[PDB]
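Okay, so here's the structure we're looking at.
Protein chains: 2
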Amino acid sequence: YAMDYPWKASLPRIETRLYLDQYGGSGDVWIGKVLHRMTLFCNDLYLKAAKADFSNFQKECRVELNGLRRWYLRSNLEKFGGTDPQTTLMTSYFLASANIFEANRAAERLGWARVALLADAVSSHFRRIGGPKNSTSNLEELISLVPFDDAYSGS
Amino acid sequence: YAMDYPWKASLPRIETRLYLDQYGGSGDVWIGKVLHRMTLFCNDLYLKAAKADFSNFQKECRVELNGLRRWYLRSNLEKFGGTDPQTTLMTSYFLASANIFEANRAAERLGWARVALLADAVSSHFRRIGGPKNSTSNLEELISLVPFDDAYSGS
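Top to bottom, those sequences are chains A and B. First residue of the first sequence? That's 466 in UniProt numbering, and the numbers climb one at a time after it. First residue of the second sequence? That's 466 in UniProt numbering, and the numbers climb one at a time after it.
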């Protein structure tokens with residue numbers, strides 16, 4: 466792993482997930498003059514805590530992904546987006562749920578997902594019709610599909 | 466004045482302006498056993514303070530009107546709309562300036578003025594074209610002429 470993905474393309478949560486199968490817990494032993502095991506940072510309590518936290522994160526992510534899928538369908542955007550839109554939704558949500566992974570920061574993650582999907586749809590439409598000076602339809606009002614707020618949807 | 470203007474149509478600032486020449490000060494006497502002038506509410510500082518404050522109001526109103534006129538000209542609104550711009554502007558600003566007079570609240574006064582002017586122009590255009598069924602243009606974007614802000618431009 467440490468040789469395949471350098472610092473340039475190493476998402477935090479994917480590395481944390483891949484690490485949870487490589488920690489010895491308490492079955493480690495360090496070679497010295499006599500085999501001795503250090504019992505301060507090698508135990509199963511760390512493993513239990515990490516696994517519980519990751520399970521909670523995964524459940525919350527599943528729920529928010531379901532909600533985002535419902536919104537994506539209801540807002541009538543599937544008419545663009547290549548041949549299959551579900552893979553695009555999944556990719557553009559996972560590329561955000563792996564960086565901003567805290568619990569009290571749902572707004573930033575969901576906004577990242579929504580704006581990514583909108584930008585991709587609009588870019589695909591421009592690439593299909595044949596450039597930016599042949600669009601007779603209206604596009605500037607398309608940003609009104611994000612849910613409304615006071616300090617978010619005004620700027 | 467107090468007879469030809471009921472409570473339902475009595476602007477505060479107009480009443481103050483018409484009452485600023487009906488309060489003598491020291492040139493008054495109150496009937497008793499002997500003609501005696503009361504001093505606590507009949508003074509001369511009252512007139513000076515009132516005149517200074519009212520002249521400050523005059524100057525602030527002049528400056529704000531001279532700015533709003535430039536805004537109404539540069540925004541290209543006389544093309545479609547009222548039959549005479551100056552009277553409509555003067556009236557629609559005098560209303561706000563005669564209702565909200567305090568000096569640390571120019572924002573609400575200017576906002577009232579701008580929104581009233583925009584609404585009047587749009588209503589005149591709708592009435593001229595023959596109802597809202599034949600209005601080909603797009604009118605939601607016409608609210609972008611109001612200067613942008615961070616928290617006062619979504620609602």
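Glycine included, every Cβ here is placed at the ideal spot set by N, Cα and C.
* Asked: What do you get for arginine 574 (chain B), buried or exposed, if any count of 16 or more other CB atoms within 10 angstroms of its CB means buried?
  -> Translated into the one-based positions of the second sequence, residue 574 (chain B) becomes position 109. Classification for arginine 574 (chain B): buried.
* Rounded to whole angstroms, what's the CA-CA distance from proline 477 (chain B) to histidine 590 (chain A)? Just pull it up for me. => By 1-based counting over the second sequence, the position of residue 477 (chain B) is 12. By 1-based counting over the first sequence, the position of residue 590 (chain A) is 125. The straight-line gap from Cα to Cα measures roughly 58 Å.
* **Any chain B beta carbon closer than 9 Å to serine 540 (chain A)** => Counting from 1 along the first sequence, the entry for residue 540 (chain A) is found at position 75. Judged by the 9 Å Cβ criterion, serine 540 (chain A) is not in contact with chain B.
* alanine 616 (chain A) to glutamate 606 (chain B), Cα distance in whole Å? -> Locating residue 616 (chain A) in the first sequence gives position 151, where the first residue counts as 1. Locating residue 606 (chain B) in the second sequence gives position 141, where the first residue counts as 1. So the alpha carbons of these two residues sit roughly 20 Å apart.
* Give the residues from the segment 471-490 of chain B that approach chain A closer than 8 Å (Cβ to any Cβ), ordered along the chain. => none
* **Any chain B beta carbon closer than 9 Å to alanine 616 (chain A)** => As a position in the first sequence, residue 616 (chain A) is number 151, starting the count at 1. Yes - at least one Cβ of chain B is within 9 Å of the one on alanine 616 (chain A).
* So, using beta-carbon positions, are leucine 530 (chain B) and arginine 579 (chain B) closer together than 9 Å? -> One-based indexing of the second sequence puts residue 530 (chain B) at position 65. One-based indexing of the second sequence puts residue 579 (chain B) at position 114. Not closer than 9 Å, so no.
* Asked: So which residues on chain B does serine 620 (chain A) lean against when the C-beta distance must stay under 7 Å?
  -> Looking up residue 620 (chain A) in the first sequence gives position 155. Here the neighbours are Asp615.
* Of the residues A:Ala581, A:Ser491, A:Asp614, which one's Cα is nearest the Cα of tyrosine 537 (chain A)? -> On the first sequence, residue 537 (chain A) is found 72 positions in, with the first residue counted as 1. The candidate whose alpha carbon is nearest that of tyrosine 537 (chain A) is A:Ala581.
* Whose C-alpha, out of B:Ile594, B:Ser475, B:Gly492, is nearest the C-alpha of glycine 546 (chain B)? -> Counted from its first residue, the second sequence places residue 546 (chain B) at position 81. Comparing Cα positions, the closest option is B:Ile594.
* Asked: Should the segment 554-561 of chain A be called in touch with the segment 501-514 of chain A, which here means at least 3 C-beta pairs below 8 Å?
  -> no
* Asked: If we count the other Cβ atoms within 10 Å of its Cβ and call it buried at 16 or more, is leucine 542 (chain B) buried or exposed?
  -> If you number the second sequence from 1, residue 542 (chain B) lands on position 77. It counts as buried.
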